[PDB]
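Given next, in structure tokens, is a single chain: the form deposited in one PDB entry.
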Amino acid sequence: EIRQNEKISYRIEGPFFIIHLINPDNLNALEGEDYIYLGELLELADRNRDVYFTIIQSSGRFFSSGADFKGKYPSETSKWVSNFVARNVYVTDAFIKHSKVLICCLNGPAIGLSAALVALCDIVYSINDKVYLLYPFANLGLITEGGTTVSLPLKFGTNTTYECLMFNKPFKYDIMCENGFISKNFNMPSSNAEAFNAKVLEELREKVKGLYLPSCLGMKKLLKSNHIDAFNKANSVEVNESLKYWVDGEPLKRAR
């Protein structure tokens, strides 16, 4: 039981807790409170003993274009602590610690904090070879977010990570496939995300047959311990280091 959000729905089918970004007209751009809502959904899925997989699906041609930049305080610092710092530490933490198998259905590109979240998922399936991830921090006057400090070198390599981050270049489909970031490309048309989403769920129902599901969670629990400390450390430092960029004002100015 949780409040409703017009941009994001969820349902449970058997062992699957399915989260759906449902605002395709705005490329599923997300405001601060929507990221918090996502964290609350993960925490809900995490407390449900019938759930073994948490599946994040979207809508339209984009997975998510990232933070919504369309959408009181004693200082600039106090403002940004409340608005940026808090939201980012919270949602990043919710993904880092999540105990269920986290699967992203990548129906199109993801950008920024949303793309950070994709990189925190355990398994990623792509609609087709036109998906990409973009982390435009250098263009926005920002730094790494959502644990990308750790996740990008981990999943794409350190050298590739520098090229992409330092020069604001996308991690394209080819780079994703070369690094095993995508576990399966479904090769379906971008115009039917809904069909892609349904097909992934159908294959998942097939793939879990016969498995002892608590083994999945037991294995994940050990696997997570490989990098949990690095992610926790990066979360705190990412969010605090970002502050001077917001307080300096550059990302605001750039928000044109």
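Quick note: we count residues from 1 along the sequence shown, nothing fancier.
One more form of this protein, deposited with a small molecule bound, exists but is not displayed; see below.
Stretch in contact in the entry with it bound with the small molecule, which is absent here, among 155-163, 97-105, 136-144, 117-125 (heavy atoms within 4.5 Å): Result for this chain: 136-144.
Does at least one non-hydrogen atom of residue 168 fall within 4.5 angstroms of the small molecule in the entry with it bound? Residue 168 belongs to the contact set for the small molecule.
Using a 4.5 angstroms cut-off on non-hydrogen atoms, would residue 62 count as touching the small molecule in the entry with it bound? Contact check for residue 62: yes, within 4.5 Å of the small molecule in the entry with it bound.
Taking any heavy atom pair closer than or equal to 4.5 Å as contact, tell me whether residue 221 reaches the small molecule in the entry with it bound. Residue 221: no, not in contact with the small molecule in the entry with it bound.
So in the entry with it bound, is the small molecule close enough to residue 26 to count as touching (4.5 Å, heavy atoms)? It does: once the small molecule is placed as it appears in the entry with it bound, residue 26 has a heavy atom within 4.5 Å of it.
Contact assignment for the small molecule in the entry with it bound, among 51, 41, 67, 201, heavy atom within 4.5 Å: When the small molecule is considered in the entry with it bound, the option within 4.5 Å is 67.
Would you kindly say which of 150, 175, 111, 182 lies with a heavy atom within 4.5 Å of the small molecule in the entry with it bound? It is 111 that has a heavy atom within 4.5 Å of the partner.
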